[PDB]
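The structure's right below; bear with me while I get my questions together.
Chains: A, B, C, D, E, F and G, in written order; residue numbering restarts at 1 for each.
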């Protein structure tokens, strides 16, 4: 919290922790995702939130749990695709190292 | 940190519009930028730059931007 | 199972680090180690590509094998996973050096006391051996073309930390390090880097002359 | 016989790429010979300052 | 396939004869022969 | 410890020898 | 003689002490003192270098800096600082440099001089510093052995695998500085010839008015290749 404050919060509010958390409470709902402040504020015990309508938060999860097997990752998990994209970005940027590419795998369900 | 390619300008580049300081020590600045399609966004540039007006505070952004900045700048080596 | 997978893993790790990365490690390696390593590669289906590459050189040891880009990518992935060093450059020179070393070893007879031969062998490009002056002139021509990158003109005195505590703490932290190990590592590292650059350059190195004469010159000038 | 022969063959080394041998035999080996005069002069400057 | 069983078995036999019999033939055997023999024995 | 090479058997030896020679006659 | 005999001349007597001593103990103590002093000098030099690099105000680790091909400013700064440090070591009176150095970083085999990484040149009265960053990365990333294998025969986050890299940078820049000094003290032809020999360092580098005494970070230990 102190690091976040120093980054952007100038003064020392009385309940500055509550201030941060409500300042992100204002946005929790409409964008349908956890504010990373809450995530860092917390293995497993994964937290979520709700609305009166049926929908989770972290992936926009259904009220049951993380789906077991929804769809294959053939076009992404293959080493060829990740290597091609890595080489493309490295060539475009002029880098030699320091760039990591990860397939979009944390896709529970759209 | 590598993606923030530190541009080297002599003299420092003047900028127009709102400017926000991120890492004054490391010259990380946030600048409003809008594509012709009026898709508002901010560019996290790093280098030698100066504004033509006072540099507004970081704590006056739409909290979405603030959460993005929090996830970006602060190292996450601790868990 | 009937195979000590862990021990053979360790042996293969050590031998590949010895040949490819050519790390400072330098100990006697016996036929046991190579046999264990080959068995380890054959066992792992992931490493069948490496196994086939090594096997190919048994008959002809004088060529780089022809592969495909995808094969090269998979080979790099297998080697990187084995070595568990993603933060290193192992693109192509590493593989060529490994092939050359294994070509030498497999096509070498049995010896009582080692061979101790430099890894300057089986260079690529099939180019005629070139001299230092020719290649140096040719490459300097490219170097001297254009493109500087920073113009530091006035020159500020080289900065020095004025705090003694910042120095005493560093002395305390660095003192336990044995000096001999540091010197040996640095020297071997410079040697290996020079060897690899020279081998890729496809020229004729001075085995025990250029580095040796350089050392001799330093010792003589400092002493007499 | 098979045991002994396989044994002796396995115990043999294979190959190494050489390395750098570090000796620094008998350290300095009388490279520097210092006299009492200059050493005393330098040290006497140190002690004569203060304390 | 990935293995030449015939060549590997032939090399294994030759090396075993050389060892056990102490073959008088002046034909030194490459270490690759030993590795090939070991692989052939393991597969069999 | 000073790493200098003193007079092997001159300076100390001259000290003792002068001391003893003047001790005689 | 192997041993030295001391006899006390007692006035007006016959009884004497005849004590024999060896030079071996004195030689051993001399060698121990000399080795300790040399070790202290080496560690002091390394500490100075590390402190200077720390004062450079750089956020990232050294090897990480040398891996960032995207920016060459940091690499040029580090190389310039190290060269200035070597110049200070040889000639403590003078610190800075009269001329300006243009730094160029090269990332291909064609630029790579076969063996001498830090190519030092000058054109039209201005010094030029050519660098092979890939070779530097390769040397800095060879998994330096840390196990205790003496083999002498005849708070802070600084591990051995880091001090080793700092020393390696010192050594490489040292060879570069020797070649540059040869270039400066003589003609371009001399520098070109020396590049292919390394056998002309014996000109005046010994203890002289123009070349002062120094450990040079390489006389601390004799070394050689064990080829036949």
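Note that a residue touches a chain if its C-beta (ideal position, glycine included) is under 8 Å from a C-beta of that chain, and two chains touch if they have at least 3 such contacts.
J.: Give the identifier of the chain nearest to the protein's overall CA centre, each chain being represented by its own CA mean.
T.: Given all protein C-alpha atoms shown, the central chain works out to be C.
J.: Can you give the whole-Å distance between the Cα centres of chain C and chain G?
T.: Each chain reduced to its C-alpha mean, chain C and chain G end up 23 Å apart.
J.: So the centre of each chain is just the mean of its C-alpha atoms; given that, what is the distance between chain F and chain G in Å?
T.: Averaging C-alpha atoms per chain gives centres 43 Å apart.
J.: Could you state the distance in Å from the CA-based centre of chain A to that of chain D?
T.: That pair's centroid distance is 57 Å.
J.: Compute the distance, rounded to whole Å, between the mean C-alpha positions of chain A and chain E.
T.: Chain A and chain E have C-alpha centres separated by 59 Å.
J.: Among the residues of chain B, which are close enough to touch at least two other chains?
T.: 1-2
J.: Which chain C residues touch at least two other chains?
T.: 22, 26, 31, 34-35, 87, 105, 108, 110, 116, 118, 180, 183-184, 187, 191, 222-223
J.: Scan chain A for residues touching two or more other chains and write them down.
T.: Correct list: 95, 97-98.
J.: Once the touch criterion is applied, which pairs of chains come out as touching?
T.: A-B, A-C, A-G, B-G, C-D, C-E, C-G, D-E, D-F, D-G, F-G
J.: Chain C touches which residues of chain D in the complex?
T.: Residue list for chain D touching chain C: 9-20, 22, 31.
J.: If we count contacts the way the header does, which residues on chain C are in touch with chain E in the complex?
T.: Residue list for chain C touching chain E: 31, 34-35, 38-39, 42, 48, 51-52, 55, 58, 105-110.
J.: With touch defined as at the start, can you tell me which chain G residues reach chain F in the complex?
T.: Chain G reaches chain F through residues 4, 9, 11, 29-30, 33-34.
J.: Which residues of chain D touch chain G once you look at their complex with the stated criterion?
T.: Residues 18-28 of chain D touch chain G in their complex.
J.: If we count contacts the way the header does, which residues on chain E are in touch with chain C in the complex?
T.: Where chain E meets chain C, its residues are 2, 28-32, 34-36, 38-39, 42.
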